[PDB]
Each structure stands twice: as C-alpha cells, then as structure tokens.
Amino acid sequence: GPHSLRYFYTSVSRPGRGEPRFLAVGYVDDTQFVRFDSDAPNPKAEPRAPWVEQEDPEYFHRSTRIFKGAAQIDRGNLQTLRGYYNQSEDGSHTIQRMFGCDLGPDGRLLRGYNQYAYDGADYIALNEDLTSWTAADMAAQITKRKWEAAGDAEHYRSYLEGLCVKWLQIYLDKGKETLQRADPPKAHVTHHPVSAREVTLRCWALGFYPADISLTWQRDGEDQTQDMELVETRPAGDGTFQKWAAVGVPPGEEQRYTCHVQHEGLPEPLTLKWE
C-alpha cells in the first residue's frame, strides 16, 4: 500500500515569556514514532512507538541534532516573518512545516512534500517537481526568490530521494507486526429511541487501524449520506480509531436500514443492521 513518513514542526513565539517554543513529531502512516520539545530540560528526540526503541543511541543523537537546528532556524524565521508582515513585537505568531515522502507499492518514491504555514495560512510549498516553490503571498515571494537564488530545493531533493525513502523502508520493516498489519473494525448497531416518530440507528466502527474508513447507511439500497450524522474519525487512545454514523428512522422501519463498513483490514465489506 501507499505508506508515508511525515514530520510536523510547530514554533510559537511568546513575547515577554522568552524565546519561541519548538515542537516536532514524526509519523509513519497514522502512527506517531518520535517527539521533541525545545522546552524539555536537555531536550532530546524521544521514541513514542515500541519499534523505534530498537535503533542505537546515535539514531536519537542524530534526530536530536536536527531538531535543535530546526528549533534555532525557526527562532529567526519568526523574527524575519514579523518583519515581512511589518507586525509589532507584542502578538504571538506560529510557523508550521510539514515534510516527508510517500512510497508507492513499487517501493520507490511516489511523492515528496515540504510545505510551510504562517499563523495557520499557506506560506510556501515545494511543488511536486522538487525544483520550484508556490508562494501564497508577497511576503512568501521574498522567501521564494531567496531560496531559488540559493538553490535550497536541491537539499530537500537530496534528503527526499535519499534518506526519507530509506528510513521509511527501515521503519516499515522494524514495525511490520504493527504498521503493515491492518486491524479490521468491530462493527455493531445500537438503537436509541427518541420519540413516537424517530428511533436513532447508530452504526459503530471500533478498534480499526489505519484511520481511513467508509461508514454509510442505506435505506432499501439508497445511500443516506445527505441525511445521516457522521462523526470525525477519533483516536481510541490505544493506537486504534473509532467512528460512527447514525440515522433517524421511524420505529418499525429499522429492518429497511443497512450499515456498510469498508476498511483495508476486511477481506469483504461488512453489511449489518439492528439486531
């Protein structure tokens, strides 16, 4: 399948309360495997999945050096961005970066990413050619001319076609039993009387990995997406995910309704109903 290695960098300036705080996390697919926090005493890259504890100390030493670099560079970034937007010193601002690589089934690089946001809005992004940038605005255009003049994209190109694909494959191997084993949803329907006119049929998908899922209701073969309550997929807290879809049905009608579950962990799509 299409596995991904993604790093998420967040820096927040706190005027008056010292220098900016840097936070980084890394994920393989929907699984967090590292963190870093520049406010930690003697801050280090810390494993957060079982299967990354099985690198040498030097692996964490390396990630630590890079996260300290990213922390420092962002301290300047927040300063130069305040200048670009001609903002005062008093407001807190945010810089975000998301970078990584997608691996398609061939096992070679499908797609590289490296994108930035200032106060949550698009700022600059490496285009999929890995050579040109898309700037969101006149401030980011300054950054685009400077990074194009310096040939910065080659360094992300290097990292991407080299290290990123390499370490993704290492992680997918070391984590085979977790990352490359899909857990199917356990599906059930509950029944929650509301009134003389309405009974809520709730279809539950529990204990599934990865996060991606389709949960639908049909009335006699007829999709109910426009008139069903659907919650955002949510973490169980044990590394699995949850979702539900619900419809208001007239009492007695319950057996007209079928709930459909599709997930890469199911040989067959599940069809189920009340009782």
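Between two forms, the rigid core is defined as the largest C-alpha subset superposing within 1.5 Å. The numbering used is simple: start at 1 and walk along the sequence shown.
Between 231-239 and 57-65, the larger mean CA deviation from the shown form in 4 other deposited structures of this protein, after core superposition, belongs to 57-65. Superposing each structure in 4 other deposited structures of this protein on the rigid core shows that the farther-lying of 101-109 and 180-188, by root-mean-square Cα distance, is 101-109. Legend: mean Cα B-factor per stretch from the PDB entry, 22-30 versus 43-51; the higher mean is in 43-51. Look at the C-alpha B-factors of 236-244 and of 53-61. On average they run higher in 53-61. When the C-alpha B-factors of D119, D90, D74, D137 are ranked from the entry, the top spot goes to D90. Comparing C-alpha B-factors across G107, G151, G112, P185 in the deposited entry, the largest value falls on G107. Placement of the Cα temperature factor of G69 within the chain: lowest third of the modelled residues, per the deposited record. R97: CA B factor in the lowest third of modelled residues in this chain (values from the PDB entry).
When the CA B factors of the chain's modelled residues are split into thirds, the value for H155 lands in the lowest one. Among the modelled residues of the chain, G207 sits in the middle third by CA temperature factor in this PDB entry.
Ranked by C-alpha B-factor against the other modelled residues of its chain, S11 falls in the lowest third.
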